[PDB]
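# chains from the complex, first installment, not repositioned:
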Amino acid sequence: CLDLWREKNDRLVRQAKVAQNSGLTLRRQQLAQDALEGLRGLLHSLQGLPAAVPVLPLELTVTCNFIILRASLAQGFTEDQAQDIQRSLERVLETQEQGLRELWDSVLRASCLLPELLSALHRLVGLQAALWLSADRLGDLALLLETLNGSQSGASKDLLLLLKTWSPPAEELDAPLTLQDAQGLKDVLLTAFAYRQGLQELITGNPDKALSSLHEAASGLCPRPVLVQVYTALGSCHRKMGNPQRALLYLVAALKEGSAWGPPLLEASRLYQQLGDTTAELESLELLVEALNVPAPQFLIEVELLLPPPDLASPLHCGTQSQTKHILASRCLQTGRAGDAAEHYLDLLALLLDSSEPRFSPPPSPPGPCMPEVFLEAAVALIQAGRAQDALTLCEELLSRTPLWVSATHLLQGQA
Amino acid sequence: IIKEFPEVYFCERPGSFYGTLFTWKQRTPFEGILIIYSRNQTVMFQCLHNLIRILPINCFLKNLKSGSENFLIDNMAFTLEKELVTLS
Amino acid sequence: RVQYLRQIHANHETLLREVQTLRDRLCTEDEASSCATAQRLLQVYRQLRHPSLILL
């Protein structure tokens, strides 16, 4: 019986890892889902039994693998998995109700009764922690780790300390398989928390607090893109602190190792603002134009799951080709380079108006300026370029398409 | 580690690898480098079978006889430089 | 004969400047020390060795 479910587990696991290693977009997904439904049916069949002990560690490993699969295929979490955790915990405690934080502490006492499952349990806590970290449940997360370790760790209220303290308990002896273990978890958790912490402290004007955690990220598990982001972040921190040469090196290193160098050129232009090297600014961003034109998963937890998306305040956010050609032409004109900013705005205006057949450029929306203001800026670029006869064409086109902007159009028309 | 020679990590597992010596260095932290002073040629493998498990998944070992790549490349370079210098 | 010598002069010169650039990129970590640099050098070795050392 147990023999059969165990074979089943190991079978589906090796199947999963084969899809990971080999396979195309079709067969990877096909084998994945086949295994996933196998796991589902297995899980439910196991729920078919009331509580008894020797099933629990296997049961836990199984649900764990299930969740891992599920979120790796979803590329994003859900609270269905939290319900799966809830259900498992109750299944356990029935051997010997209220709310997750009570569940967890009762369960940690239940494991402190020393049934040999704690490797599984710790993997699972890592999972639940990943949930709570994508969900920003850091308060209860701290309490949970304090209960995990001794309560003597009550004042160590920096989560990074308790993350380091979380001892994955065992060498994982001859057991049901898994896609992942508490070690490979803990590394991803440490890097992600440190990365989030560092970005928040940067955005809140603490570029001295920031560098501590940002280097703590590169010191440990760090896929090459995570490295690129950390280096752009350290360069921006150096700009805030006023280290306009030191930032260049970190940005140069992200250029070397990275194949995704929009944010680097962005921060470089943000630093040529700081220095007034605005020719370098404009040229870095002329390069960024071409940079943005350019473009795998695994059946496991990764370090891309536990990232928040690029927020505008963060230095890593990038406008689209059009959003940023706008900034190119804008800062070009502000520099007093109308002959160039005008052509920039021309190509940018056609990027939206002439965009019918290919991929249509996203709308500016409330944060971005409304579509008519760019017509005025374009006409002023033309006018300062002495492009008067064509500024009239732009004005005529505008009033064909359809306030202060009408009078402004009249004024620019007269100026032409 | 040895404090006067800290580019060494004597291993102390009280099993089968005991006695073993290693080193480690790291240039462009992708392209690392490792050296083993192991007792015989089983505990030259057992190392690798214990290890290559642990790694990243595309971590691409290889053995060396003749020198590190960068060193040997510079060394070829130098000869070619001189040679063409003399032929010029 | 001067004719031969000037040919060999320029023909080595060009390779020399190429290697000089490659050494610059090595110093600066620009392209890579990875591989195919190897082969790109051995190509040069083979452009050399064929009528190597005509002793007349």
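Received it, and whenever you're ready, just let me know what you need. Numbers count the residues shown, from 1 in each chain, chains lettered A, B, ... in the order given.

# what is the burial count for residue A:321?
As a burial measure, residue A:321 scores 18 neighbours (other C-beta atoms under 10 Å in any protein chain shown). Bear in mind the C-beta positions are built from the backbone N, C-alpha and C, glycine included.

# ok, now which ones touch it?
A:289, A:292, A:293, A:351, A:361 (C-beta atoms under 8 Å, 6 or more residues apart in numbering or on different chains).

# measure it to chain C for me?
To chain C, residue A:321 is 28 Å away according to C-beta to the nearest C-beta, to the nearest Å.

# of the contacts of residue A:321, which is the most crowded?
Greatest neighbour count in those, by other C-beta under 10 Å, goes to residue A:292: 19 neighbours.

# picking that back up, in a markdown table: the contacts of residue A:321, plus distance to chain C and secondary structure.
A markdown table is the format used below for the contacts of residue A:321 (distance: C-beta to the nearest C-beta, whole Å; DSSP: H, G, I helix; E, B strand; the rest coil):
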| residue | distance to chain C | secondary structure |
| --- | --- | --- |
| A:289 | 23 | helix |
| A:292 | 24 | helix |
| A:293 | 23 | helix |
| A:351 | 34 | helix |
| A:361 | 35 | coil |
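
# close to chain C: what parts of the stretch 251-400 of chain A are there?
Within the stretch 251-400 of chain A, the positions near chain C by C-beta under 8 Å from any C-beta of the partner chain are residue A:256.

# ranges for the helices of the stretch 251-400 of chain A?
For the stretch 251-400 of chain A, the helices defined by DSSP state H, counting those that start in this stretch cover A:262-275, A:278-293, A:321-335, A:338-353, A:371-384, A:388-401.

# looking at the ones you listed, which is buried most?
Comparing the helices of the stretch 251-400 of chain A by mean neighbour count (mean count of other C-beta atoms under 10 Å in any protein chain shown), helix A:262-275 ranks first with a mean of 21.

# nearest to residue B:1, out of the helices of the stretch 251-400 of chain A?
Counting by C-beta to C-beta, residue B:1 lies closest to helix A:262-275 out of the helices of the stretch 251-400 of chain A; the figure is 37.3 Å.

# for residue A:243, give me phi and psi.
phi -120, psi 70 (degrees, to the nearest 10).

# buried set for stretch B:52-64?
Buried residues in stretch B:52-64, counted by 16 or more other C-beta atoms under 10 Å in any protein chain shown: none are found.

# could you check how far it is from the centre of its chain?
Its chain's C-alpha centre and that of stretch B:52-64 lie 12 Å apart, by C-alpha atoms, centre = their mean, to the nearest Å.

# kindly incorporate the sequence below as chain D:
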Amino acid sequence: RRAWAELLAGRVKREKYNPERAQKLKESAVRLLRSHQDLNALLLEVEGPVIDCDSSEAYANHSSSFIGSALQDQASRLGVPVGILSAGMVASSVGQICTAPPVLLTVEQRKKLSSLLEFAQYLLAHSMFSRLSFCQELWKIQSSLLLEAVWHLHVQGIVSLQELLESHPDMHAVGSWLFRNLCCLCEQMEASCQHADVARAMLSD
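Chain D, in position alongside the others:
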């Protein structure tokens, strides 16, 4: 609609750039980030308030390998490659001897130049030298240079004339620089038949 006809841009839409273009772009990117880097700036940012003295700590000895063993702790404290430290320090200690007292220089301007240019070949041999980094860190010292010094460079072969004249950003700047210094040197070389020999060598070269 004739307005549209005038206004419409056709080059507007684009594709996903080729991989060789990707490395070209990343190359030129790092090239520019280094072009705008500066070293006394970093010595005063990183280290507290460049010449061979700044590297070798107060005139201890003019030996070869001692300088080299220091440059490594230099680029280790900074994070730069050693070749650029070398290129910058030598561009600086070249501007020194050209400046500190025409198209020519002579005695002791020659001797310190050759005491250091010889050491440059040692560092080339150990590969601890960047060569375009040195052409560009000379073009930062553009006007403080002697046509006899650069010809010494051409002949001892720390740099070629061509590695200079294709590494200058502006080409008209080069052309006119050379035109004026030639015009001055050919006003020279009839001054004395001894000046004439050294001038005629570099002229025909």
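
# since we added chain D, can you redo the contacts of residue A:321?
Taking C-beta under 8 Å, 6+ apart as the test, what residue A:321 contacts is A:289, A:292, A:293, A:351, A:361, D:14.

# does residue D:33 sit in a helix, a strand or a coil?
helix (DSSP: H, G, I helix; E, B strand; the rest coil).

# so it makes contact with residue A:247?
No - Residue D:33 lies out of contact with residue A:247 (C-beta atoms under 8 Å); the separation is 9.5 Å.

# farthest-apart pair in the contacts of residue A:321, please.
Greatest spacing in the contacts of residue A:321, by C-beta to C-beta: A:289 and A:361 (13.8 Å).

# show me which residues of chain B are close to chain C?
Applying C-beta under 8 Å from any C-beta, we find that chain B lies next to chain C at B:28, B:31, B:69-70, B:73-74, B:76-77, B:80-81, B:83-85, B:87-88.

# residue contacts, residue 40?
Since no chain was named, I'll use chain A. Contacts of residue A:40 (C-beta under 8 Å, 6+ apart): residue A:66.

# you looked at the wrong chain, it should be chain D
Residue D:40 makes contact with residue D:50 under the criterion C-beta under 8 Å, 6+ apart.

# now do residue C:20
B:81, D:131, D:163.

# so what's the residue count around the closest residue to the last one other than its chain neighbours?
Across the structure, with C-beta to C-beta, 6 or more residues apart in numbering or on different chains as the measure, the residue nearest residue D:163 apart from its sequence neighbours is residue D:135 (5.9 Å). For residue D:135, the neighbour count with other C-beta under 10 Å is 20.

# run a quick neighbour tally on the residue in chain D that chain A sits nearest to.
Closest residue of chain D to chain A, C-beta to the nearest C-beta: residue D:3 (3.4 Å). Using other C-beta under 10 Å, residue D:3 has 16 other residues around it.

# tell me which element it falls in.
Secondary structure from DSSP states H and E places residue D:3 in helix D:2-7.

# how about that helix: buried residues?
D:3, D:7.

# which elements pack onto it?
When contacts are defined as 3 or more C-beta pairs under 8 Å, 6 or more residues apart in numbering or on different chains; DSSP states H and E, helix D:2-7 sits against helix A:338-353, helix A:388-401.

# closest to chain C out of the contacts of residue C:20?
residue D:131 (5.0 Å).

# how many neighbouring residues does the closest residue to that closest one other than its chain neighbours have?
Of all residues not flanking residue D:131 in the chain, residue C:24 sits nearest, at 5.0 Å (C-beta to C-beta, 6+ apart). The number of residues packed near residue C:24 is 19, by other C-beta under 10 Å.
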